[PDB]
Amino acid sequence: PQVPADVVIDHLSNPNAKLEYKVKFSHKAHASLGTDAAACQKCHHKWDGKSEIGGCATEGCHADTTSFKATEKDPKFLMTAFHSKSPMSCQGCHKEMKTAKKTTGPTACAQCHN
């Protein structure tokens, strides 16, 4: 399927405004992960490899936007999908790849959020 242009991820609206973030994400920058269907499945992990690809926060997925904890572990929350220790999350993949210092994205909170 079509690989999107750069976006700003902004699904969450932390009532503590100092901890509200709008986070740039580039499919193109992530091309080193691959461009085949399996590459897409490294993140779109429930995708069947054939259908339309959609967002992470639909019904039955990571739809709950009411936890604002970076340490959230319940997968029903969107925070978990971007932060958990799993290699499918933003923070989790970058940090797992950093285990033997493979080239990867930002691991620090502020460097990723900007």
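In this text, residue numbers run from 1 along the sequence as written.
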Per the PDB record, is the mean Cα temperature factor higher over 23-31 or over 76-84? 23-31
Mean temperature factor over C-alpha atoms, higher-scoring stretch between 51-59 and 85-93: 51-59
Quick check for you: using the entry's CA B-factors within this chain, is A5 in the lowest, middle or highest third? highest
Modelled-residue ranking by C-alpha temperature factor, third containing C43: lowest
Where does the C-alpha B-factor of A100 rank in its chain, lowest, middle or highest third? highest
For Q111, the third of its chain by CA B-factor is the middle
